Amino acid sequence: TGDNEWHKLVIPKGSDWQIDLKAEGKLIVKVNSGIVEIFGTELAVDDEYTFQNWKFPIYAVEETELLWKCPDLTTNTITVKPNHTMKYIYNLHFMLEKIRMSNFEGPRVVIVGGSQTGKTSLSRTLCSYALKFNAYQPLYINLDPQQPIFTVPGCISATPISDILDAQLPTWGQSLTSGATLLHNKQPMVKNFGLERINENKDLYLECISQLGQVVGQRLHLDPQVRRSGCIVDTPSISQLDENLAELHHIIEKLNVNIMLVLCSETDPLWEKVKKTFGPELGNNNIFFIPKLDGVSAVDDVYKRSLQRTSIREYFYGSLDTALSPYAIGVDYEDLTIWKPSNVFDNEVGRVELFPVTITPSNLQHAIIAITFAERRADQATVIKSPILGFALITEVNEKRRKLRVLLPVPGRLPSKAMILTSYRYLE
């Protein structure tokens, strides 16, 4: 197999490691000279970083030698390939950083592209050093429910980049915690789509963007630093949306987007229709193309569900060097009020509404439940438009008794609030 001792790896300037860790595989990395980034986040010299169950590049800004250990890797198959599209990301950031200091308020960029083109990675890198160079707090807006970032899956989010991201996490970092940690956690703004993929409820997804946009505006109006800073909006692939791209128009208007980044080549006809479709609103001067990034590998479904699984655990228990202690509470059937969104394979159409849910072992076991701020007695119009407090896992639906075992993120009472069921399941 591999080996459980350290190995030296001299990684040439301008090159990526490119790593694909799978089940259980644990990679510890320690730098003793040079400059290395993971999507822009620098690695501190002389301390141990640990990686689990995700594919990621380690980039060499400078000369760089490091020590690594992993039983699932060997010197034989190591992969060290020179990245060329890196400079594209550089003079795209300083392009944004010029807008930040010259304009009255910072740029609001959508990163739009095909399936696995580098959107999220590009989003992360641009955040990663909007902060590194002149201390901005760009607002990062994740609009892809399948991608868990700072939260659990199945929800769009807005998160300001306070300081450094966690380099050793596919989820960028994590939400605030009860004490103080060696990394400054983030305060996210979550909305909860709740469903597997966008096409399951089109209007509800846009309704999410609607109310997320509103809140984003209210902070931008009140926070000088975030408003002065940029705003980086990551979208799902256009193979998840309509041909005419009706959704993008709605993203652009509700989130006040003024600049668009299209990860596109110059034989791809997507570039042309982007110009004719969004040029009228943004102006062709404000639409940019980026030749697709090096090293961006295909991602299958199993890996993606794995990453979603990791995040759910991560929300309740944290990571290796975080270790959060969530709370398990016994609760009656009457102690809960639960709704669920309209599907395609449930409601045929799929409109902005939620149906009351009867408690069935097949309905709630291992289900992630979104907890709102609205009352237990509120009507559906109030619940569909009330902010999300946090999430809860249901362990056991005992049906012979009227009882439930719910895992909470906070040690305390079951928040007597209205709750929405998701399509997301987690069993330990």
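Note that residue numbering follows the sequence shown and begins at 1.
Trainee: Between 393-401 and 374-382, which has the higher average C-alpha B-factor in the PDB entry?
Mentor: Mean CA B-factor is higher for 393-401.
Trainee: Between 33-41 and 357-365, point out the one with the higher average CA B-factor as the PDB entry records it.
Mentor: On average, C-alpha B-factors are higher across 357-365.
Trainee: When the CA B-factors of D234, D268, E281, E314 are compared as recorded in the entry, which is the largest?
Mentor: The C-alpha B-factor peaks, among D234, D268, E281, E314, at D268.
Trainee: Out of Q218, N192, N343, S175, which one has a C-alpha B factor higher than all the others in the entry?
Mentor: By C-alpha B-factor in the record, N343 ranks first.
Trainee: State the tercile, meaning the lowest, middle or highest third, of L165 with respect to the CA B-factors recorded for its chain.
Mentor: Ranked within chain, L165 CA B lands in the lowest tercile.
Trainee: Ordered by C-alpha B-factor within the chain, which third holds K119? Give me lowest, middle or highest, please.
Mentor: Bottom third by C-alpha B-factor.
Trainee: Name the third of the chain's ranked CA B-factors that contains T159, choosing lowest, middle or highest.
Mentor: Ranked within chain, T159 CA B lands in the lowest tercile.
Trainee: Per the entry's values, where does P409 land by CA temperature factor relative to the rest of its chain, in the lowest, middle or highest third?
Mentor: According to the entry, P409 has a C-alpha B-factor in the chain's lowest third.
Trainee: Grab the CA temperature factor for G295 from the record and place it in the lowest, middle or highest third of its chain.
Mentor: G295: CA B-factor falls in the highest third of its chain.
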